[PDB]
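Presented as structure tokens, the chain that follows is alone, the form deposited in one PDB entry.
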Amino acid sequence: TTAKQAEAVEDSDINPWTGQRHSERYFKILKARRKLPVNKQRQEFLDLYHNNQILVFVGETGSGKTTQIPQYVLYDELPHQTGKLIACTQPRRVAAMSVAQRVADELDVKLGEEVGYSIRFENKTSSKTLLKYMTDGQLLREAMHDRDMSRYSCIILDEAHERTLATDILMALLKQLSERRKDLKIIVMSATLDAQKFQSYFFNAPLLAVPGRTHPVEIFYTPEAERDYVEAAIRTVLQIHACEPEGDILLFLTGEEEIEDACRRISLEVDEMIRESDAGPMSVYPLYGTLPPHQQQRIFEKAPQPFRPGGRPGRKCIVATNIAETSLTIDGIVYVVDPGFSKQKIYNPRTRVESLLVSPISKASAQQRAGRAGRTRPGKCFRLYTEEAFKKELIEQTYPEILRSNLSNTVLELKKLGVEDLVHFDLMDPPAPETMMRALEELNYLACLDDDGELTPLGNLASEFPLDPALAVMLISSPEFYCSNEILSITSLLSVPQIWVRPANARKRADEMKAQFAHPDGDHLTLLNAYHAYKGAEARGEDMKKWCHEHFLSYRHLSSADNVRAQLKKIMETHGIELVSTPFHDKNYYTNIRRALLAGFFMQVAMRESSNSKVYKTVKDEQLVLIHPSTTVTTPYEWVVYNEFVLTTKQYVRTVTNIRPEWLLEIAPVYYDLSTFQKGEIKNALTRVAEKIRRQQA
């Protein structure tokens, strides 16, 4: 129960957790572990952990927080052996997997037994699991079926500074839960926190600060600002490989296509360096969220050897988003290149629209990016901006996601978690009252909430799916339209990135191949055609990787959609949601699917402004939009339903489907009662249709 007693157990020739002998690797790792900064203050942690329920833990990047603290807790529970687990949340999936593997080696156990991890589509845990690393979202999902979270004796919220939606909800639940359960220890960790703020939020909780740093990270700034950060990044990477001593490179960029372009350009230049300038080999790895876990994990591959002894060193270059910004320890990395940008989510309360925008990062993020080096060996960080641009122009801390998001989903889960009063629900940063009210009214229109704001059985059922309420309600109500199987597939396809591939090289052949899946009356149906063909060739036994290539479809996203569909189907079967289909050659086969979409998306409908106008007008809001250029429908109806809203240098609605206005009055009579509609051509048009429908009464 004290530090020196626990250390004696760690030195034992036999492993307490397996009943088998400790390997020789274990003892060398253990020797290196005890040189970490957090190890110096282990006792100071222990007596604070004992005397307090909630604790804030701060230490530099490299300190030992994520890997050592849960082990400290585990060894503290050692003398009496509980069934309850120790939880450690990570904001990223790659983080949860990588750290769990590391700790598994540190405890000399195999991954998935004593030390495991849990993320979406992968629950690598067992009945022997004592320590579980997971994503904050995964834990939040677990809490929606276990409010008290009885499975856990200790929950460690890591990298809390990121302030994701899950993190904020979790902090609020855990704070209120800590009054209910005194047998629940809670620890909040980060290298870049606002300590006093977090302390004050958790009932003036104690703070433990570890001062030390394992290895130094030298930080360099540009003398003047550069306008093309992608060009400056590529230039920096190539300069390092050409002149600097050995050491792998971590480069941060903003998005997938930017990264894929960068990797191509880096590889091209390196290849010419290698052939004509005696440069060493360089492997380039892309890293972003939509990559499968197997390809993400390839960043831990060893850098290539030099071509010849005494030759220029071979090295590795990881080109990543900010999923590699925190938590990860990539051994071999010496150089970090920080252009200072990330794609961030912004929200407009007025226009109901959320969008992505490439923006400057915060000082905390910048510090974190640099912290990916200086972990195993001294590091260098090349910040592609000015030192005074760092101190004056960069925000101290990125704004919380809950202040930058649509809260329709967030609110629905809060009700499911059993939050009695939304107004007095103590969130660390409370969102704007209008954002909150508008979420309540959307959930009200979807019949997920009462008029008094209490959960509907429908709403309770909607919170079971990894989907936004509108998408969930569409899926749940689909059997009423006799096409639940098809909506299930469409729902899955809407939950993944665009399956369509259109390289600059052959855009016109890509559109040629897309044209054979094209359905005149909507993009949703076009997706369904592409999916059926995909599954058709799959069952036929053809290899899909090539099949997707000749058809210009993303095998990556199509495969990802199948994972979603399998998960969603299992949920539907669990809660007795009927799975049915209409025979393909039936006349109403397509119309049923189109009408089914409206069951959840009746609030995302736009009318054509005039006779020969390409401008559409959203209902109620009356926003002026254009149909996204990547649309299948050649000649669109005066009434369409759209799935998403996008903002390029023009305002677009995306993935639209031609509908008939009489469907709107049929499926959503409350939202489309015309007393609510006010002084509009949309109300005029809708009024005429209602009268026509009444006439058809005869």
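Here the rigid core means the biggest group of C-alpha atoms that line up within 1.5 Å when the two forms are laid on top of each other. Don't overthink the numbering: it's just position in the shown sequence, from 1.
Visitor: Averaging C-alpha B-factors over each stretch, which comes out higher, 489 to 497 or 589 to 597?
Guide: Higher mean C-alpha B-factor: 589 to 597.
Visitor: For the stretches 63 to 71 and 41 to 49, which has the higher mean C-alpha B-factor as given in the deposited record?
Guide: That would be 41 to 49.
Visitor: Looking at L165, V353, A262, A320, which has the biggest Cα B factor in the entry?
Guide: When the deposited C-alpha B-factors of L165, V353, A262, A320 are compared, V353 is largest.
Visitor: Which has the highest CA B-factor per the PDB entry: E301, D621, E122, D108?
Guide: Within the set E301, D621, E122, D108, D621 shows the top C-alpha B-factor.
Visitor: In terms of the CA temperature factor given in the entry, to which third of its chain does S405 belong: lowest, middle or highest?
Guide: It falls in the middle third of the chain.
Visitor: Among the chain's modelled residues, which third holds the C-alpha B-factor of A510?
Guide: Tercile = highest for this residue's CA B-factor.
Visitor: Would you mind checking where the Cα B-factor of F252 ranks among the modelled residues of its chain, as the lowest, middle or highest third?
Guide: Lowest third.
Visitor: Split into thirds by Cα B-factor across the chain's modelled residues, where does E244 land: lowest, middle or highest?
Guide: Lowest third of the chain for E244's C-alpha B-factor.
Visitor: Based on the deposited C-alpha B factors for this chain, I'd like to know if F382 is in the lowest, middle or highest third.
Guide: CA B-factor rank for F382: lowest third.
Just so it is clear, the following notes concern the form deposited in another entry, a form of the same protein that is not shown.
Visitor: At a threshold of 2 angstroms on the CA positions, core aligned, which residue out of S150, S200, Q397, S613 shifts between the shown form and the other one?
Guide: Once the cores are aligned, the residue moving by 2 Å or more is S613.
Visitor: Comparing between the shown form and the other one on the rigid core, is the C-alpha shift at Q43 2 Å or larger?
Guide: Not so; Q43 is displaced by less than 2 Å.
Visitor: Aligning on the rigid core, do we see the C-alpha of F645 shift 2 angstroms or more between the shown form and the other one?
Guide: After core superposition, the C-alpha of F645 moves 2 Å or more between the shown form and the other one.
Visitor: Once you overlay the rigid core, does the Cα of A537 travel 2 Å or further between the shown form and the other one?
Guide: Yes, its C-alpha moves 2 Å or more.
Visitor: Just say closer or farther for the C-alpha distance from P466 to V358 in that other deposited form, relative to the shown form; it changes by 3 Å or more.
Guide: Closer together, by at least 3 Å.
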